[PDB]
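Values below: every heavy atom of this structure, side chains too, minus hydrogens, waters and symmetry copies. Nothing fancy with the numbering, it's 1 onward along the sequence. Note that ligands are numbered from 1 as they come in the structure, with each ligand's atoms numbered from 1 the same way.
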Amino acid sequence: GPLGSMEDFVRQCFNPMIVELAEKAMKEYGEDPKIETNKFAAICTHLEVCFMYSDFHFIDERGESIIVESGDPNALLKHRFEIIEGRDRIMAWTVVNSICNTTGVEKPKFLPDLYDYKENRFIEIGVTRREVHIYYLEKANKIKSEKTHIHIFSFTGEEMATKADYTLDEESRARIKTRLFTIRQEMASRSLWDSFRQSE
Ligand SMILES: N#Cc1cccc(-c2c[nH]c(=O)c(O)c2)c1
Ligand SMILES: [Mn+2]
Ligand SMILES: [Mn+2]
Ligand SMILES: [Mn+2]
């Protein structure tokens, strides 16, 4: 088949808000989306996974964790997750320090991706084109002292999470895996996958 551009794929297959946040992140990282295009797609994918991980999850009027897949959650419901990824540096740390000084949860040394108000911990989300256990170790070694819970997804459906604690129900994680499969399949149809996979 014809070779598409990764740029075209990103703009056509991710929500514009995700794309914009990804562009802003790369600018902050000092990287040009039009040159580091595999990176651009990876950043969009990881941001989307962070959003999907948080989607629909609330803590109810009684303080238990519930899933509300409707458009209207009751106004007394609080979001279960704080989302850290996607914020600029200053705002991301502002949100972290707030959570920390508020919950007593110690300050992480690197920005994590989410905070889970049910499990009372930060989460680092990983998305990898390689085997989950290798990527897991890489994340953990960067994290060192671990308060922060790690959850890794691969494009082929494997997962690895700290202490075999996967946080979410199967259906939620299935949504994420289905989305990753869709991304891979679409990339493949445009002949972008092999390089995207190899570039990690
Ligand atoms: N530059 C760059 C780049 C490329 C691919 C992925 C990421 C990334 C960002 N945040 C994360 O939390 C993460 O787990 C990965 C960053
Ligand atoms: Mn980031
Ligand atoms: Mn992050
Ligand atoms: Mn992450």
Side-chain angles (χ1 to χ4, degrees), residues 6-7 9-11 13-15 17-55 81-100 105 107-116 119 121-156 158-162 166-168 173 176-177 179-180 183-184 187 192-200:
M6 186 60 86
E7 169 81 354
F9 170 77
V10 169
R11 304 231 176 245
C13 299
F14 295 99
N15 177 286
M17 291 307 111
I18 286 166
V19 175
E20 182 183 354
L21 290 174
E23 287 172 320
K24 284 187 187 156
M26 290 188 76
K27 184 177 177 192
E28 198 182 64
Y29 302 159
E31 309 264 343
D32 191 313
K34 272 160 206 312
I35 291 184
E36 296 295 344
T37 66
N38 283 339
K39 205 169 288 190
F40 185 26
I43 291 165
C44 288
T45 300
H46 171 270
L47 190 54
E48 193 173 30
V49 170
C50 290
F51 283 149
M52 286 185 77
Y53 199 99
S54 172
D55 275 343
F81 295 96
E82 205 74 67
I83 306 175
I84 302 159
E85 182 64 81
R87 301 180 186 274
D88 66 61
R89 219 189 264 100
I90 289 171
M91 295 295 98
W93 282 110
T94 297
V95 169
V96 171
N97 291 337
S98 179
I99 290 161
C100 274
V105 176
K107 281 183 203 77
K109 312 311 179 175
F110 293 91
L111 290 171
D113 290 316
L114 305 171
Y115 184 79
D116 184 343
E119 297 281 355
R121 60 205 185 187
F122 291 98
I123 301 165
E124 172 63 31
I125 297 291
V127 181
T128 182
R129 288 94 88 192
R130 307 177 277 158
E131 61 271 16
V132 291
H133 73 97
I134 297 295
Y135 194 59
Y136 182 94
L137 289 176
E138 283 183 17
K139 284 296 195 191
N141 181 50
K142 185 194 288 185
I143 278 181
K144 292 301 183 188
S145 58
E146 168 254 314
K147 350 277 181 172
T148 303
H149 207 80
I150 301 174
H151 195 145
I152 307 304
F153 296 90
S154 80
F155 279 88
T156 52
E158 295 84 358
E159 303 170 75
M160 178 166 290
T162 305
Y166 286 82
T167 299
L168 301 178
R173 286 147 47 231
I176 288 169
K177 295 178 277 192
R179 174 56 177 164
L180 295 172
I183 288 169
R184 170 176 78 268
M187 285 192 177
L192 296 161
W193 173 251
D194 299 326
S195 157
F196 172 72
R197 182 184 55 79
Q198 266 144 245
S199 75
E200 177 168 315

Give the residue, atom name and distance (to 0.1 Å) of the protein heavy atom nearest [atom].
atom	value
atom 5 (C) of ligand 1	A42 CB, 3.9 Å
atom 10 (N) of ligand 1	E85 OE1, 2.9 Å
atom 9 (C) of ligand 1	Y29 OH, 3.7 Å
atom 14 (O) of ligand 1	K139 NZ, 2.7 Å
atom 4 (C) of ligand 1	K39 CG, 3.3 Å

### Query
Is a side-chain donor-acceptor pair under 3.5 Å present for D113 with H46?
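Present: a donor and an acceptor within the cut-off.
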### Task
Considering just N/O/S atoms, say which atom of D113 is closest to the Mn ion (ligand 3).
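So the atom name we want here is OD1.
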### Message
I'd like to know if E23 and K27 make a salt bridge, using a cut-off of under 4.0 Å between side-chain N and carboxylate O.
### Response
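Between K27 and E23 there is no salt bridge, as every charged N stays at least 4.0 Å from the carboxylate O atoms.
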#### Entry: Sidechain N-carboxylate O distance under 4.0 Å for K142, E138
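Salt bridge flag = no for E138 with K142.
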### Query
What do you reckon, does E31 have a nitrogen or oxygen under 3.5 Å from a nitrogen or oxygen of ligand 1?
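Min N/O separation from ligand 1 is not below 3.5 Å for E31.
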### Query
So is there a nitrogen or oxygen of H46 less than 3.5 Å from a nitrogen or oxygen in ligand 1?
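In this structure, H46 places an N or O atom under 3.5 Å from an N or O of ligand 1.
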Close side-chain approach of [X] and [Y], heavy atoms under 4.5 Å:
X	Y	value
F122	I143	no
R121	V105	no
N97	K107	yes

Closer than 3.5 angstrom, by distance alone: can the side chain of [X] be matched with the main-chain N or O of [Y] as a donor-acceptor pair?
X	Y	answer
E200	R129	yes
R130	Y135	no
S199	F196	yes
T94	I90	yes

### Heavy-atom nearest neighbour of atom 7 (C) of ligand 1 within options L111, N38, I43
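Among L111, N38, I43, the closest heavy atom to atom 7 (C) of ligand 1 comes from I43.
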### Query
Can an N, O or S atom be found in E124 less than 2.8 Å away from the Mn ion (ligand 3)?
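So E124 does not bind the Mn ion (ligand 3) by this criterion.
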### Query
Numbering the atoms of ligand 1 from 1, which are under 4.0 Å from a heavy atom of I125?
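Here the atoms of ligand 1 in question are 14 (O).
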### Message
Please list, in number order, the atoms of ligand 1 under 4.0 Å from a heavy atom of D113.
### Response
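Reading through ligand 1 atom by atom, the close ones are 12 (O).
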#### Entry: ligand 1 contacted by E36 (non-hydrogen, < 4.0 Å)
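Distance cut 4.0 Å: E36 fails for ligand 1.
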### Query
Any non-hydrogen atom of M26 lying under 4.0 Å from ligand 1?
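No heavy atom of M26 comes that close to ligand 1.
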### Query
Which angle, to the nearest 10 degrees, do you find at the Mn ion (ligand 2) between OH in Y29 and OE2 in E85?
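OH of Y29, the Mn ion (ligand 2) and OE2 of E85 span an angle of about 110°.
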